[PDB]
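Numbering (full-length UniProt numbering), first residue to last: 44 to 843.
Backbone N, C-alpha and C define an ideal beta-carbon position, used for all residues, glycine too.
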Ligand code: HEC
Ligand code: HEC
Ligand code: HEC
Ligand code: HEC
Ligand code: HEC
Ligand code: HEC
Ligand code: HEC
Ligand code: HEC
Ligand code: HEC
Ligand code: HEC
Ligand code: HEC
Ligand SMILES: O=C(O)CN(CC(=O)O)CC(=O)O
Ligand SMILES: O=C(O)CN(CC(=O)O)CC(=O)O
Ligand SMILES: O=C(O)CN(CC(=O)O)CC(=O)O
Ligand SMILES: O=C(O)CN(CC(=O)O)CC(=O)O
Ligand SMILES: [Ca+2]
Ligand SMILES: [Fe+3]
Ligand SMILES: [Fe+3]
Ligand SMILES: [Fe+3]
Ligand SMILES: [Fe+3]
Ligand SMILES: [Mg+2]
Ligand SMILES: [Mg+2]
Ligand SMILES: [O]
Ligand SMILES: [O]
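Okay, here's the thing in structure tokens:
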């Protein structure tokens, strides 16, 4: 075999478990990546950790099925550190309806607490070499001799599935010589290995977490952000689960460490605890807020972390983390079954049994169901719930018990949790439509196009259709340009874009609709512009005469319809029922003088990649809430500013770039918060945007932003034609296209004149007077295109 001092990689497998009079040993088969046995561990002077944990999977019971939970045999009661036992605080946030400031309160329950843990300190003392690269670890901890801990049943039970975990790290290695392994087994059947269906998994790193998280553990770059915890040494889910048990808490706050409770609260932006070395980790951002507003001496800028997690899906999007397609963990359906801490971790944010001790007692003549039970059964309200508007007590009283208490194979609360997502899918499928190409008679000012609609009840005849926008945008074959803001026009107030609501034919004097069974042919008139040096409505649509048409249909759905065999679509004017909107996009059709295709804009990012984090078909109307958000997109300022809706759907086909391009109209922003699509999206996700319109909180991007493959596919960054695009004209000056693309991270201001000179040396312009750059001048591609001398794929920590 090979000496560990010379091994560049380690792998480790666990086997041959023995437990005898409470004495636990296990074999660690140590190899290199190539499978060569690695010798010399037991004497190696560069070992950072050898940590071995052991746990049993214990059953739970109550009404319905409850999933089994892990109990570590190794635990201890931690005292709180008094100086780091967090005080309660309050902070201002918004205003009530009368215009007075709302105060919010954050409350903690410091006090001693149990923490599960592993055996860490023994290391090589506990090892005996049994073979080449085979080391027997014999725990120092005896199962017969565990100190009693009040409330915990530590009794050894061979009939229960057990787990042992290993964390092994040498040479300070982030990856190559880091291992997390585990083995699950049934001691009472001769310590055989557990079947997938016998043990507890629930989530799987690959099926459930990597859609957002980097696992590039060896990432050496400055912006590295891999999902490795506790100094870098813990990376495997199975390892977390042995410490992060239902009964473990942080003594300094009272916060739960239970895996589900902690993970739900982190991604909801409510979790706060004090960790190693007394560092406070506040995932809400509110601690720093209160410090700045009121004073909060326990928050120490630069040491404690107080940042609001910005999750790119709703916290209600369970399928982001829990598999429903039977390609995840075999016990993925665990998320359908009630578990106090899990249910509480969203619905009871900020509540605890001290500050809300009333809930410890059920109402006169009701059964006591515990703190969380009583909340769900008795005390919850829409005003106080961790999910505003949710009415659990209404479900308890009116929805029957099976709404939350599920037998195996039933849906429980998933019936409610998945209802809008499921109906949304069905409705998109049922109302799917196609836009055929438009014929634009430009002298006549008239656009004709046919929609292939799902039925012979047309959009304007279907009261379940809220609106049906079709937007057309001029495209000159090179790149979209929004252009100056004109005076208002009948159809819109943009040079390059018109949005028309087809659901309102009868009241629109410019629109006529002619049904032919399921096909509806529309004719839009009044598309006329005097073409001059002046900005006028439809100026580009008229001078270019061709471009693309995109559909955004809004269907009203019934939030009270929970049964997927029923029709979830509902009359938009209905008053009984809470209604939500389902968005249905379309193909991107062309319009042109004869309705022939307009060659597609180049695709330079991947739709499926933005969906990894944002979910499929993410809507960004709410991103348009700052400025003139209530103006409709067929009406003056709303043409560009609307959030009701924003009229774009797809992310990677240029629909956003129709506006977000090199030529923002007016009230322009400077480069460091620029409007142009690549520049805006780079800056948001790299945290180089000087100001975000709708929040003071930087995005918490869960990948490395310098991992270009997070959004770009291999081949999309040749940069071959990029220099032929028009410059981005920001408030102060213009930036050539490759310069804008790169400087959106590398130079959002002229702070390093060397980097700015590099641009200018090689045909680029940076914050130059308008008109300076000539398309074709940038020579960037020759060195920075993928695969070149300094190719973007070579200089950046990419993971294709
Ligand atoms: C066209 C105007 C461009 C633009 C926009 C950029 N380059 Fe280059 N580049 C080259 C070399 C050898 C380096 C140094 C590499 C290293 O030190 O590891 C660079 C550097 C850059 C950067 C990074 C700057 C920073 O420190 O932030 C950026 C953003 C960049 N370049 C952009 C090589 C070349 C060329 C070789 C002939 C060509 C041509 C270009 N670069 C052109 C451009
Ligand atoms: C969600 C809105 C619920 C509804 C509807 C019902 N129950 Fe429930 N119950 C719920 C929670 C979140 C808890 C706490 C579980 C925990 O681990 O703390 C409970 C608790 C109970 C219990 C205790 C036993 C258990 O299964 O944990 C019982 C016996 C119980 N609830 C009964 C019950 C009945 C009879 C219901 C219909 C009348 C009912 N629950 C509805 C959540 C919800
Ligand atoms: C996008 C929808 C995500 C999915 C799916 C998962 N996580 Fe996540 N996580 C996400 C964000 C935006 C953040 C904050 C930014 C960051 O990466 O730090 C997090 C954070 C965490 C953390 C805290 C990391 C740290 O700051 O200490 C943990 C421990 C974590 N996420 C775990 C986790 C697990 C186990 C997931 C699969 C079940 C998972 N995340 C999915 C976004 C997203
Ligand atoms: C026991 C050896 C642990 C294993 C394995 C993992 N975690 Fe852990 N974690 C553990 C404890 C006892 C604590 C609280 C410490 C305290 O001072 O009270 C934590 C804390 C966290 C946190 C909060 C942030 C922090 O303190 O760094 C997170 C986000 C967390 N743990 C995540 C986590 C993950 C995802 C793990 C598997 C890869 C994991 N931990 C393993 C104990 C242990
Ligand atoms: C990633 C950020 C998550 C999203 C979004 C949701 N869940 Fe989750 N959940 C997540 C993890 C990592 C865990 C812990 C797994 C473990 O080892 O303990 C859970 C757990 C739950 C549970 C408990 C399951 C059990 O212990 O058997 C429940 C009941 C649960 N989750 C429900 C749930 C719902 C309904 C969600 C959408 C509204 C949801 N989770 C989102 C990670 C994440
Ligand atoms: C965050 C990850 C959640 C966890 C964990 C649990 N719930 Fe939940 N719940 C969540 C959201 C975002 C919503 C609203 C869903 C919607 O479409 O708007 C809900 C809703 C419910 C409901 C229905 C409430 C109502 O219609 O008024 C119930 C009955 C419910 N949740 C119960 C419940 C149970 C019992 C949980 C543990 C299994 C649980 N939730 C966890 C978010 C999250
Ligand atoms: C996970 C690694 C992501 C990938 C891949 C993509 N996005 Fe993203 N985005 C992510 C986070 C954590 C956030 C912060 C969310 C918040 O609520 O603040 C964002 C934000 C955006 C935004 C801004 C939304 C807003 O400020 O109104 C946009 C427009 C956006 N993301 C778009 C987008 C596109 C087009 C992507 C593929 C090219 C893409 N994102 C990928 C996380 C991640
Ligand atoms: C013109 C009809 C637009 C299209 C199509 C899209 N956006 Fe937009 N966006 C537009 C304007 C006029 C504004 C200014 C602010 C306002 O409230 O009107 C914006 C702004 C954004 C932002 C702001 C981000 C920030 O500055 O930090 C985001 C995140 C955003 N837009 C995203 C976005 C996406 C993802 C689009 C395609 C789905 C999209 N916009 C299209 C005008 C228009
Ligand atoms: C598209 C042709 C536009 C129409 C019509 C109107 N506005 Fe606009 N506005 C537009 C853009 C692209 C931007 C952002 C510029 C950038 O470089 O980021 C704006 C900005 C504003 C602002 C500043 C606040 C902001 O969100 O940046 C205001 C106050 C504003 N716009 C107002 C406004 C009014 C009153 C309009 C009708 C009279 C109007 N806009 C139309 C693009 C377009
Ligand atoms: C998602 C959060 C992204 C990350 C990570 C990176 N880029 Fe990107 N890029 C992103 C968007 C949404 C766009 C505009 C897409 C469109 O349809 O126009 C871009 C564009 C580019 C470009 C211009 C490519 C071209 O038009 O020929 C370049 C040169 C570019 N991006 C470079 C790049 C690099 C080197 C990255 C890793 C360090 C990288 N991007 C990350 C979104 C995202
Ligand atoms: C944010 C999404 C980025 C964009 C877009 C581009 N780059 Fe980048 N780059 C970024 C980071 C965070 C780093 C540091 C990575 C590290 O290893 O620590 C880099 C690095 C470079 C380098 C290496 C030389 C250096 O100056 O560090 C080069 C040569 C480089 N980047 C080039 C470059 C070009 C030409 C871009 C436009 C096509 C570009 N980058 C975009 C982040 C981001
Ligand atoms: O396909 C589904 O059933 C669910 N969708 C929505 C959609 O396709 O409209 C997201 C997804 O596939 O994860
Ligand atoms: O459903 C499809 O056929 C393809 N998808 C993504 C996917 O599910 O992988 C795009 C979408 O549904 O919008
Ligand atoms: O286009 C305009 O309306 C003129 N501008 C440019 C800009 O809005 O950034 C400033 C102005 O109103 O005089
Ligand atoms: O452009 C507008 O319509 C309003 N203005 C000033 C103005 O030019 O009158 C503020 C702004 O654009 O930020
Ligand atoms: Ca602590
Ligand atoms: Fe889908
Ligand atoms: Fe799909
Ligand atoms: Fe102006
Ligand atoms: Fe103005
Ligand atoms: Mg009409
Ligand atoms: Mg707006
Ligand atoms: O899908
Ligand atoms: O403006």
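Could you tell me which of the options sits nearest to residue i, measuring between CA atoms?
i           : options               : result
residue 317 : 343, 311 and 337      : 343
residue 764 : 694, 389, 105 and 521 : 521
residue 248 : 127, 218, 372 and 658 : 372
residue 642 : 650, 652, 314 and 631 : 631
residue 491 : 777, 264, 565 and 507 : 565
residue 638 : 126, 493, 607 and 546 : 493
residue 388 : 353, 445 and 312      : 312
residue 467 : 166, 605, 504 and 426 : 605
residue 640 : 496, 479 and 428      : 479
residue 162 : 156, 209 and 197      : 209
residue 536 : 221, 160 and 677      : 677
residue 666 : 543, 471 and 690      : 690
Apply the 10 Å Cβ neighbour rule to residue i and answer buried if 16 or more other Cβ atoms are within range, or exposed otherwise.
i           : result
residue 235 : exposed
residue 185 : exposed
residue 707 : buried
residue 609 : exposed
residue 737 : exposed
residue 549 : exposed
residue 682 : buried
residue 397 : exposed
residue 792 : exposed
Who are the near neighbours of residue i in its chain, counting only those whose CB is closer than 7 angstroms to its CB and skipping five residues on each side?
i           : result
residue 144 : 135 and 138
residue 180 : 68, 69, 71, 95, 169 and 170
residue 321 : 124 and 127
residue 56  : 72 and 224
Using C-beta distances below 6 angstroms, list every residue in its chain close to residue i, excluding the 5 sequence neighbours before and after it, in chain order.
i           : result
residue 603 : 620
residue 644 : 697
residue 802 : 782 and 809
residue 30  : Residue 30 lies beyond the residue range present for the chain, which begins at 44 and ends at 843; the question has no answer from this structure.
residue 364 : 251
residue 733 : 715 and 716
residue 338 : none
By the DSSP assignment, the alpha helix (DSSP H) with residue i in it spans what residues?
i           : result
residue 459 : 457-460
residue 329 : 329-336
residue 782 : 780-789
residue 384 : 383-390
Can you tell me where the beta strand (DSSP E) holding residue i begins and where it ends?
i           : result
residue 50  : Here residue 50 belongs to no beta strand (DSSP E), and DSSP marks it neither H nor E.
residue 148 : 144-149
residue 774 : Taken as a continuous stretch (DSSP letters only), residue 774 belongs to no beta strand (DSSP E), as it is neither H nor E.
residue 437 : Taken as a continuous stretch (DSSP letters only), residue 437 belongs to no beta strand (DSSP E), being part of the alpha helix (DSSP H) at 435-441.
residue 562 : 562-567
residue 622 : 622-627
Looking only at its own chain, which residues have a Cβ that is under 8 angstroms from the Cβ of residue i, when we skip the five neighbours before and after it?
i           : result
residue 828 : 760, 761, 762, 763, 834 and 835
residue 499 : 558, 560 and 561
Per DSSP, residue i forms a beta bridge with which residues?
i           : result
residue 516 : 540 and 591
residue 63  : 66
residue 316 : 324
residue 113 : 100
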